[PDB]
């Protein structure tokens, strides 16, 4: 057997050229940052992970190394299930909060344990999970077309991603619903019916404005309506879904553990569960959520947006899952997507394939890591919702 010797959190920051900084309800992007989790063992098998973002890097590092870490030192890393519960019940739930940055921290560590397990077995994670369902590849969408655009500019950006091979893309909405509607109508007109258009309000609307927007989305044949309302307003999501349109009500990037999603399902409030393996509790928890969605005849299509590790962790799960694919691919300026590891975006007929090596299935460029240590830069401006 192996024993865990260290749990490390490397805080990393990468710059965004001013002209490339985008804003949504979540805030204006400043720097693309991450924690790279490293779980090390006595025999030298190592796994890495990421607890996503934006979350404060010092908070994440402290939680990972000094709250979670001590629960892992000396333990056999093979018992991922045991360790998830030891950590959640022993420290994280009460001492960081049950729906919290602590759960994202746990997620990064869980992903590292799965990477470690795959590497120890010399197998890609998706093979551990019963192999592929999506044998030909996984349909991706370009994320996203952000705020501050004219209708023709928005349509131009969409045409651009479609040219690159994408069969679907997502539009940010919320700040100015009349502009959102104009943008959406121009975009649909430009690409026709063969391209799926997703919309994401980042919790920015109230119920009545969301009902008004849903009518537009329905007219435009939008695939889903993501975070239409505060995640705290479950009944509001039920009301939207009860309209019975072909537009899916989607949420989950800010909901944590299977428990949050159970509450939405129980209240008939959700069509697409978006639990991110790197946020909602780990690969371990995302697996459970995906299964629970299928039991209820609903879909699981994760949020994946932060770095190439959060993308890869989710992609292994998605490739293995029978849910129809609508896989989020961050197309914004992001060095953490392109330079962190040996794995890049390759679309074939609009599909991506998970990395094929052991564990997460690629190698970290530790030179890049050594060159991008965080020195206190902020990741994102203040969010909206006030």
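Numbering follows the first chain given and starts at 1.
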Average Cα temperature factor in the PDB entry - higher stretch of 245 to 253, 193 to 201
193 to 201
Between 340 to 348 and 35 to 43, which has the larger average Cα B-factor in the PDB entry?
340 to 348
Checking the entry, which one of 232, 76, 157, 226 has the top C-alpha B factor?
157
Could you say which of 317, 326, 28, 48 has its CA atom at the highest B factor, as listed in the PDB entry?
28
Within this chain, which third does the Cα B-factor at residue 186 fall in: lowest, middle or highest?
highest
Taking the entry's C-alpha B-factors for this chain, is residue 307 in the lowest, middle or highest third?
lowest
Classify residue 107 as lowest, middle or highest third according to the C-alpha B-factor given in the PDB entry, relative to its own chain.
lowest
Is residue 148 in the lowest, middle or highest third of its chain when residues are ranked by C-alpha B-factor?
highest
Please say which third, lowest, middle or highest, residue 321 falls into when its CA temperature factor is compared across its chain.
middle
